[PDB]
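Trainee: Attaching a single structure in structure tokens format; questions to follow.
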Amino acid sequence: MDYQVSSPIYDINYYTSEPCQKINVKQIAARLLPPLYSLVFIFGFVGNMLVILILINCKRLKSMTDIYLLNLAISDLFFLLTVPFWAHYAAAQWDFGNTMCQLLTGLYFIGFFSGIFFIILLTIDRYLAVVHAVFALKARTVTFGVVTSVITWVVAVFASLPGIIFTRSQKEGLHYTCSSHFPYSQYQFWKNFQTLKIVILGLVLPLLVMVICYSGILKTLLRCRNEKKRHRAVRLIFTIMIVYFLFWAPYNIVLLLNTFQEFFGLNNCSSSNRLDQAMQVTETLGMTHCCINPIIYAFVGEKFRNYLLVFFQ
Amino acid sequence: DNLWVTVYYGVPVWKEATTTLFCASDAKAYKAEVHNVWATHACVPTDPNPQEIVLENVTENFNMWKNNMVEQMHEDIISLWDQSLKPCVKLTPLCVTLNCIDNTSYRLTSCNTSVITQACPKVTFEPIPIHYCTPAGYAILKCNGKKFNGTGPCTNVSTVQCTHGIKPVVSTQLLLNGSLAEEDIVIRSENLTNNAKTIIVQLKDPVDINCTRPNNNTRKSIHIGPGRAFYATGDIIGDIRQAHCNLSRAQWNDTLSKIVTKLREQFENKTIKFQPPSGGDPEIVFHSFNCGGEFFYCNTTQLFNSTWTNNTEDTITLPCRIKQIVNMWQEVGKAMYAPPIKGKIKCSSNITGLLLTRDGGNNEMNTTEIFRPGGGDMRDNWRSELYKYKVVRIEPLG
Amino acid sequence: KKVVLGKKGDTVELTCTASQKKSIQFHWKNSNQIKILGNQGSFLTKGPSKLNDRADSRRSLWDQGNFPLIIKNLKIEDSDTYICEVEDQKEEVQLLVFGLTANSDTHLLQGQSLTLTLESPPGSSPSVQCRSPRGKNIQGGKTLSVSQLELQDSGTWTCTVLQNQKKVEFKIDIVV
Ligand SMILES: *[C@@H]1O[C@H](CO)[C@@H](O[C@@H]2O[C@H](CO)[C@@H](O[C@@H]3O[C@H](CO)[C@@H](O)[C@H](O[C@H]4O[C@H](CO)[C@@H](O)[C@H](O)[C@@H]4O[C@H]4O[C@H](CO)[C@@H](O)[C@H](O)[C@@H]4O)[C@@H]3O)[C@H](O)[C@H]2NC(C)=O)[C@H](O)[C@H]1NC(C)=O
Ligand SMILES: *[C@@H]1O[C@H](CO)[C@@H](O[C@@H]2O[C@H](CO)[C@@H](O[C@@H]3O[C@H](CO)[C@@H](O)[C@H](O)[C@@H]3O)[C@H](O)[C@H]2NC(C)=O)[C@H](O)[C@H]1NC(C)=O
Ligand SMILES: *[C@@H]1O[C@H](CO)[C@@H](O[C@@H]2O[C@H](CO)[C@@H](O[C@@H]3O[C@H](CO)[C@@H](O)[C@H](O)[C@@H]3O)[C@H](O)[C@H]2NC(C)=O)[C@H](O)[C@H]1NC(C)=O
Ligand SMILES: *[C@@H]1O[C@H](CO)[C@@H](O[C@@H]2O[C@H](CO)[C@@H](O)[C@H](O)[C@H]2NC(C)=O)[C@H](O)[C@H]1NC(C)=O
Ligand SMILES: *[C@@H]1O[C@H](CO)[C@@H](O[C@@H]2O[C@H](CO)[C@@H](O)[C@H](O)[C@H]2NC(C)=O)[C@H](O)[C@H]1NC(C)=O
Ligand SMILES: *[C@@H]1O[C@H](CO)[C@@H](O[C@@H]2O[C@H](CO)[C@@H](O)[C@H](O)[C@H]2NC(C)=O)[C@H](O)[C@H]1NC(C)=O
Ligand SMILES: *[C@@H]1O[C@H](CO)[C@@H](O[C@@H]2O[C@H](CO)[C@@H](O)[C@H](O)[C@H]2NC(C)=O)[C@H](O)[C@H]1NC(C)=O
Ligand SMILES: *[C@@H]1O[C@H](CO)[C@@H](O[C@@H]2O[C@H](CO)[C@@H](O)[C@H](O)[C@H]2NC(C)=O)[C@H](O)[C@H]1NC(C)=O
Ligand SMILES: *[C@@H]1O[C@H](CO)[C@@H](O[C@@H]2O[C@H](CO)[C@@H](O)[C@H](O)[C@H]2NC(C)=O)[C@H](O)[C@H]1NC(C)=O
Ligand SMILES: *[C@@H]1O[C@H](CO)[C@@H](O)[C@H](O)[C@H]1NC(C)=O
Ligand SMILES: *[C@@H]1O[C@H](CO)[C@@H](O)[C@H](O)[C@H]1NC(C)=O
Ligand SMILES: *[C@@H]1O[C@H](CO)[C@@H](O)[C@H](O)[C@H]1NC(C)=O
Ligand SMILES: *[C@@H]1O[C@H](CO)[C@@H](O)[C@H](O)[C@H]1NC(C)=O
Ligand SMILES: *[C@@H]1O[C@H](CO)[C@@H](O)[C@H](O)[C@H]1NC(C)=O
Ligand SMILES: *[C@@H]1O[C@H](CO)[C@@H](O)[C@H](O)[C@H]1NC(C)=O
Ligand SMILES: *[C@@H]1O[C@H](CO)[C@@H](O)[C@H](O)[C@H]1NC(C)=O
């Protein structure tokens, strides 16, 4: 007489042997990311433009190192011009169609890949200056600095060129998203082909440079301490490398775990539910890095704001 | 193993028997298929050497709507659905007794809603052709007339020991997998002009049907970059309870054009007008078949709209929908099921019959013929299969 | 056959009899042989009539032997006889609906003439037998009119209609 079956509600979930209620974690992050990303964009824009004004007119880019420092600030700007879009993408959705999405996605990675590429070039230029002083003088022409940078930008474009194969956007889920739909027939190949490229080029390669180059540089510290300015100059290039590692290597580790939820790593869904709150934080930490390099220049750098270090203390 | 012996020659007096028959199907006993599990615990292997003794000059009045053999199959398939799809919530009504003292008020409002909670594993599901065989002492007759009229006497009576391939497929508005007609599409009904008995229409040509769901619910695009956290890959984007069928219009139009010719001869030159059904339960208004726990409820309004006139001569998109909470054809009540499963489900089925009702009236003027789709009474589903046979007991003098 | 009465909008119960107790097939047809409800296994088929979204049946009573016919929103034109169909039998029933109202809603002053409006079905002979709290059991034809209506003659008057030894009660909204 009183039957309790009247419910039109349904759940968009498949049938498995372990029910996993995965939380969207978009709204809580949408009340934290747009003001933070805007604050990064405020500090980042006025930060790097000062580093462009000072080197162009106050320093004079008289050397190959200053050329790489300029290009590193330009690489950060390519990162920065996409930041207000992603600020307005956690908050609501993707309102920009797709024709511009094959450019913005590329500009994100051109900012990313060239970012580590010129830091490596900064490391190699300072390594050559300390150990192979005869060889470095022949090859540290500003002319040679420019043509190296031009090649470096081209490679940075090609390092994002598989990402530009498909950027089509369709309404899937709540609102239109611009998710690259690479070919289905060779699906397993391309998916694994993307995790390694960020990790090798962005983590493995600069680690290999750091081991090799800073073992040759520290050898000078063991021999003599006669020149303080040579020791103090290494402090600038060393700080840039490790602050990059402090802010991007947590993402690189998690990015390997994101694809490898199979037998290689961890299989529990609750292990992937803590991981759902891990990928976004370390990506956000990476996002903040683009404003840190001018801040480093005002603290470590004894050529830009060296009088501010005495005035602060 | 089983074994029975023939009868070289017997034509004694025939008497209608109501004995208990044993099934005989070709099982496998190794797979996780339910119909192979049920046939292993209760069915025997099929007869490798069947014998059909043809009786030259013998006639009998095969009534088919009073057949007690179909009342046994209907109680043998209900015993399979209690071993195949265990419902999560089996809500069934339960009343006791409330009367006053036909002369005194008949207000019976005392009824209890008993609910049973069981585990719901999504298991495989596929029918298997079975053979009902006669027990010791009885025999099963079989006509061989190509028309057979329903409840009419034939002349080519032959006796057998086991029936032909019978599938336990449960469906409404369109009879699925089964036997075809011999030479012409025939119609069967207990009484015409009754406007109450369903009209069984058996086809002579198999109309094919492919019912599948597209695997585009799960996303395969990866937003590798700024996002890759919220909209991450393998996230459901589509409806997981939606499918679609297709019917060959160039082939189905031929078979339907032969149905209207039979009706014209039977009902004296009327205007056959098919229509959609008049409402009711969603297992009656729509089509209903099963494929691995996926209970397709197919909208057939773009299949029965068309009206007909004389001088008669590609991919009909049939919109279906998987509903969890389904009515049980076995008695009253409902049964809530489990969420659907991961993968492509394809129903490469057949269409052998057609269940049709009739809308006759005397308020409506002299000529009209409305044939809405009916069915739902599963006893009528297997009366379309057990029409050739009859269980009769022949006493032995020995 | 028996006869029941409707009250212009409520529900009515029309039951059949079955002593088999097997949940056998039933049907519901009018005098014009039009299907309204019917058994299909254990399922309910709303037949092609003008009572599609109105006819109802209690499925829990189907395994007992009683098959009701619940029709909501009873109109005047729905007055017709219905026959049952169980175990090859024809249990004939009958159904009559009618109504009664006024025309003046709230402006019924002290000493203002009263008017009624009886809505009786064609093919029937009703009989107005009202009851007043002042002891006025006024009987007459179908249309009744009283010259007197004051403050002391307000209230829900019980006007019932006797026809074929059957009667149902009603109320009258009077605002003075
Ligand atoms: C009328 O008769 C016709 C015959 O002509 C019937 O058509 C056949 O129907 C069966 C039943 O679906 C079908 O068998 C399936 O074939 C698929 C393709 O070969 C198989 O992949 C499938 O096996 C999977 O599904 C089962 C049930 O879900 C599982 O138990 C099984 O292990 C397999 O499971 C894998 O895939 C599923 C996908 O969701 C996944 O969930 C699992 O984890 C696992 O990965 C079936 O064996 C036949 O192929 C049909 N015949 C043809 C020629 O196509 C028709 O069904 C009949 N009508 C009715 C109403 O039954
Ligand atoms: C009465 O019913 C019997 C049932 O057996 C009919 O006998 C069957 O008749 C068909 C032809 O109508 C035979 O099919 C043919 O068989 C031959 C030899 O096997 C084959 O070469 C042909 O291609 C064709 O398939 C069938 O074999 C036969 N049955 C048996 C057991 O022999 C009989 O014809 C019916 N009589 C009437 C008047 O309908
Ligand atoms: C992928 O899944 C989607 C839905 O999950 C399938 O899309 C559906 O396709 C049918 C026909 O192809 C659409 O029906 C048509 O809709 C339009 C607009 O309403 C109407 O004008 C037409 O008359 C017709 O009814 C249906 O709307 C559409 N569903 C959605 C949500 O868009 C699609 O078929 C699947 N992919 C494949 C390859 O099957
Ligand atoms: C097919 O069945 C119909 C009825 O189901 C048979 O029609 C009846 O036949 C008997 C004699 O066989 C007559 O006395 C009746 O008057 C017939 N009734 C009607 C309504 O026609 C018909 O004869 C059967 N055909 C065959 C070949 O047996
Ligand atoms: C099929 O049903 C009809 C009723 O629709 C039966 O016809 C009735 O037959 C009896 C006796 O022959 C008559 O008294 C009635 O007047 C008939 N009713 C109508 C509406 O004609 C018919 O007999 C039934 N046929 C079978 C084989 O059961
Ligand atoms: C069922 O019918 C639909 C509707 O035509 C078919 O979908 C089309 O499939 C072809 C591939 O042969 C595509 O090129 C069309 O774009 C599809 N149409 C739409 C509207 O999406 C479907 O292939 C049919 N399925 C079968 C098994 O025949
Ligand atoms: C339903 O599916 C079946 C099998 O997948 C299709 O049957 C085949 O159809 C092709 C051409 O469409 C023929 O060349 C084959 O010979 C057929 N094979 C069989 C076994 O029949 C059928 O065409 C499909 N129907 C629709 C409407 O798409
Ligand atoms: C099954 O399909 C039919 C036909 O497309 C649907 O019927 C329609 O009913 C709605 C609402 O009454 C009307 O607006 C449409 O005009 C009808 N169809 C057409 C094309 O005339 C029916 O709604 C579908 N089934 C369900 C339950 O949605
Ligand atoms: C569904 O219809 C098709 C129509 O071709 C049937 O396929 C044929 O069935 C006969 C009967 O056994 C076989 O002799 C043929 O060899 C089949 N043709 C092919 C190409 O395989 C099919 O059997 C029907 N399905 C069922 C379950 O009977
Ligand atoms: C059966 O009938 C036929 C009629 O053609 C006849 O020839 C035959 O002898 C009959 N059979 C028997 C056993 O009498
Ligand atoms: C109602 O159903 C419950 C569960 O089956 C049972 O325990 C209880 O006794 C029933 N009550 C009556 C009055 O039948
Ligand atoms: C009805 O159809 C038959 C077909 O044999 C025909 O002989 C007869 O004349 C038709 N009657 C009418 C009124 O058309
Ligand atoms: C059936 O088809 C006719 C045209 O032949 C159309 O007018 C009618 O609307 C269709 N039926 C429905 C329910 O849409
Ligand atoms: C049947 O066809 C003929 C000609 O082929 C035509 O004259 C007649 O009108 C048709 N019948 C109806 C009911 O339209
Ligand atoms: C289907 O049958 C009708 C019957 O009149 C005919 O008009 C129509 O052309 C047929 N369609 C096809 C595709 O054969
Ligand atoms: C139906 O038949 C009756 C009697 O034969 C006749 O009086 C009536 O006019 C017919 N109806 C039509 C629409 O011709």
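Trainee: Starting from the Cα of A:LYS219, draw a straight line to each of the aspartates and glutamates and keep only those under 15 Å, dropping any in the same chain fewer than 8 residues away.
Mentor: Counting by Cα, and skipping residues close in sequence, A:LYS219 has these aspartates and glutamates nearby: A:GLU227.
Trainee: Just to confirm my numbers, what's the Cα centroid distance between region A:178-223 and region B:87-148 in Å?
Mentor: For region A:178-223 versus region B:87-148, the Cα centre distance is 67 Å.
Trainee: Given H placed 1.01 Å from N in the peptide plane, which residues other than close sequence neighbours of A:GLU172 have an amide H under 5 Å from its amide H?
Mentor: Excluding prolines and chain starts, which carry no amide H, the hits are A:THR177.
Trainee: Separation between the A:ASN226 and A:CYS58 pseudo-spin-labels, each 7 Å from Cα along Cα→Cβ, expressed in nm?
Mentor: 3.3 nm
Trainee: Toward the positive end of the charge dipole of chain A, about the Cα centre and with charges on Cβ (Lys, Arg +1; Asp, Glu -1), which of A:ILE116, A:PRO183, A:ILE12 goes farthest?
Mentor: My answer, from the dipole projection, is A:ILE116.
Trainee: Could you give me the ³J(HN,Hα) list for region C:160-176, computed from phi with Karplus coefficients 6.51, -1.76, 1.60 and θ = phi - 60°, whole Hz, x at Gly and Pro?
Mentor: 10, 10, 8, 8, 6, 6, 10, 8, 9, 9, 9, 10, 10, 7, 10, 10, 10
Trainee: Please sort by residue number the GluC sites (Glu not before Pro) in region B:167-254 whose DSSP state is loop and whose Cβ has at most 14 other Cβ atoms within 10 Å.
Mentor: Listed in order of number, the matching sites are B:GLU182, B:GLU183.
Trainee: Using only the Cα atoms, what convex hull volume per residue in Å³ does region C:99-173 have?
Mentor: 86 Å³
Trainee: To the nearest 20 debye, what charge dipole does the protein assembly as shown have about its Cα centre, counting +1 at the Cβ of each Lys and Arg and -1 at the Cβ of each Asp and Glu?
Mentor: 4460 debye
Trainee: Among A:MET100, A:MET64, which comes first, then next, by fewest other beta-carbon atoms within 10 Å?
Mentor: Final ranking by Cβ density, sparse to dense: A:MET100, A:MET64.
Trainee: For B:325-338, what's the mean count of beta carbons from other chains sitting within 10 Å of each residue's beta carbon?
Mentor: Rounded to a whole number, the mean comes out at 3.
Trainee: Next question, about the same structure. Just want the answer: with Cβ charges of +1 for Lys and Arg and -1 for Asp and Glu, which residue in C:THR101, A:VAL25, A:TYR251 is farthest toward the dipole's positive end in the protein assembly as shown?
Mentor: A:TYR251
Trainee: OK, next. Which value, in debye to the nearest 20, gives the size of the charge dipole of chain C about its Cα centre, when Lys and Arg are +1 and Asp and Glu are -1 at the Cβ?
Mentor: It works out to roughly 240 debye.
Trainee: Looking at region B:109-224 from every direction and averaging, what is the projected area of its Cα convex hull in nm²?
Mentor: That works out to 17.1 nm².
Trainee: As an exercise, identify the trypsin sites (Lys or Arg not before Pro) in region A:203-234 lying in DSSP coil whose Cβ has no more than 12 other Cβ atoms within 10 Å.
Mentor: Answer by residue number: A:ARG225.
Trainee: Given R₀ = 25 Å, FRET efficiency for A:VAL155-A:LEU208 by Cβ-Cβ distance, to 0.05?
Mentor: The formula returns an efficiency of 0.90 here.
Trainee: For B:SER288, list long-range residues whose amide hydrogen, built 1.01 Å from N in the peptide plane, is under 5 Å from its own amide hydrogen.
Mentor: Amide H neighbours of B:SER288: B:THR172, B:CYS298.
Trainee: In whole Hz, what ³J(HN,Hα) sequence does region B:296-302 give by Karplus (6.51, -1.76, 1.60; θ = phi - 60°), x for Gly and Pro?
Mentor: In residue order, the calculated couplings are 5, 10, 8, 6, 10, 5, 8 Hz.
Trainee: Starting from the alpha-carbon convex hull of chain B, give the projected area averaged over all orientations, in nm².
Mentor: 29.0 nm²
Trainee: Beyond 24 Å, what share of the Cα-Cα pairs of chain A remains, rounded to the nearest whole percent?
Mentor: Looking at chain A, the distances longer than 24 Å represent 62 percent of pairs.
Trainee: Give the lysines reachable from A:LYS197 as a straight Cα distance under 25 Å; neighbours fewer than 8 places away on the same chain don't count.
Mentor: B:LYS220
Trainee: Also, I was wondering about something else. Within 10 Å of each Cβ in peptide B:270-280, how many partner chain Cβ atoms are there on average? Round it to a whole number, please.
Mentor: Per residue, the number of nearby Cβ atoms from other chains is 3 on average.
Trainee: Provide the per-residue ³J(HN,Hα) series for region B:227-243, in order, calculated from phi with Karplus coefficients 6.51, -1.76, 1.60 and θ = phi - 60°, each as a whole number of Hz, with x at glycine and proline positions.
Mentor: Values, residue by residue: x, 6, 10, 8, 7, 3, 8, x, 7, 4, 10, x, 6, 8, 10, 10, 8 Hz.
Trainee: I need the calculated FRET efficiency for the pair B:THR368 and C:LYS7, taking r as the beta carbon distance and R₀ as 30 Å, to the nearest 0.05.
Mentor: Computed FRET efficiency for B:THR368 and C:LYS7 comes out at 0.25.
Trainee: Now, a different point. Where in chain A are the DSSP H helices whose C-alpha atoms run 30 Å or more along the long axis and whose mean Kyte hydropathy is at least 1.6?
Mentor: Length and hydropathy pass: A:33-54, A:101-130.
Trainee: Sticking with this one: Calculate the translational D of region C:1-98 in whole µm² s⁻¹ from Stokes-Einstein, where the hydrodynamic radius comes from the Kirkwood formula applied to all Cα pairs, the temperature is 25 °C and the viscosity 0.890 mPa s.
Mentor: The estimated diffusion coefficient comes to 181 µm²/s.
Trainee: Measure off 7 Å from each Cα along the Cα-to-Cβ vector at B:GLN118 and C:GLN94, then give the distance between these two points in nanometres to one decimal.
Mentor: Between B:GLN118 and C:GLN94, the label points sit 5.0 nm apart.
Trainee: Would you list A:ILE119, C:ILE76, A:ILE9 from fewest to most Cβ contacts within 10 Å?
Mentor: Fewest to most other Cβ atoms nearby, the residues stand as A:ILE9, C:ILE76, A:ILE119.
Trainee: Note the direction-averaged projected area, equal to a quarter of the hull surface, for the Cα convex hull of region A:135-195, in nm².
Mentor: Averaging across all directions leaves 7.1 nm² for the Cα convex hull.
Trainee: With label points built 7 Å along Cα→Cβ from the Cα atoms of A:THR288 and A:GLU18, find their separation and express it in nm.
Mentor: 3.3 nm
Trainee: Then there is this: Starting from the eigenvalues of the Cα gyration tensor, five times each then square-rooted, give me the equivalent ellipsoid semi-axes of the protein assembly as shown, largest first, whole Å.
Mentor: They are 80, 44, 23 Å, listed from largest to smallest.
Trainee: Same structure, new question: Longer than 18 Å from Cα to Cα, which of B:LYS197/C:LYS90; C:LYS72/C:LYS171; C:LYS7/C:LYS90; B:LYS86/B:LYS334; B:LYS204/B:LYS258 are they? Say none if no pair is.
Mentor: Pairs exceeding 18 Å: C:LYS72/C:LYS171; C:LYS7/C:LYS90.
Trainee: Would you work out the charge dipole size for chain B about its Cα centre, treating the Cβ of every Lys and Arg as +1 and the Cβ of every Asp and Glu as -1, and quote it to the nearest 20 debye?
Mentor: Around 1280 debye, computed over chain B.
Trainee: What's the longest bit of chain A with no exposed chymotrypsin sites (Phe, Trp or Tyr not before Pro), using DSSP loop states and at most 11 other Cβ atoms within 10 Å as the test?
Mentor: Free of exposed loop sites, the longest segment is A:1-183.
Trainee: List the longest stretch of chain A that has no exposed loop site; here a site is one of the GluC sites (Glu not before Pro) assigned by DSSP to anything other than H, G, I, E or B, with at most 12 other Cβ within 10 Å.
Mentor: A:1-226
Trainee: A follow-up question, please. So which GluC sites (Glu not before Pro) in region B:5-67 end up in coil per DSSP with only 14 or fewer other C-beta atoms within 10 Å?
Mentor: Loop-located and lightly packed - B:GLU52, B:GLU56.
Trainee: Also: In deg cm²/dmol, rounded to 500, what helix-only [θ] at 222 nm does chain B give when every DSSP H run of at least 4 residues adds -39500 (n - 2.57) and the total is split over its residues?
Mentor: Value at 222 nm, helices only, nearest 500: -4000 deg cm²/dmol.
Trainee: Positive end of the dipole of the protein assembly as shown, charges at C-beta (+1 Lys, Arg; -1 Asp, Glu), about the Cα centre: which of B:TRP65, B:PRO93, B:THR218 has its Cα farthest in that direction?
Mentor: About the Cα centre, the residue reaching furthest to the positive side is B:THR218.
Trainee: Nearest 0.05, what FRET efficiency do A:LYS219 and A:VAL142 give at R0 = 30 Å with Cβ-Cβ as r?
Mentor: That gives a FRET efficiency of 0.60.
Trainee: Taking each residue in C:24-33, count the Cβ atoms of any other chain within 10 Å of its Cβ, then average. What number comes out?
Mentor: Mean shielding count: 3.
For neighbour counting, all protein chains shown are included, and Cβ atoms are generated from backbone atoms with ideal geometry for every residue, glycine included. Only the coordinates and a few stated rules stand behind these numbers; no lab work does.
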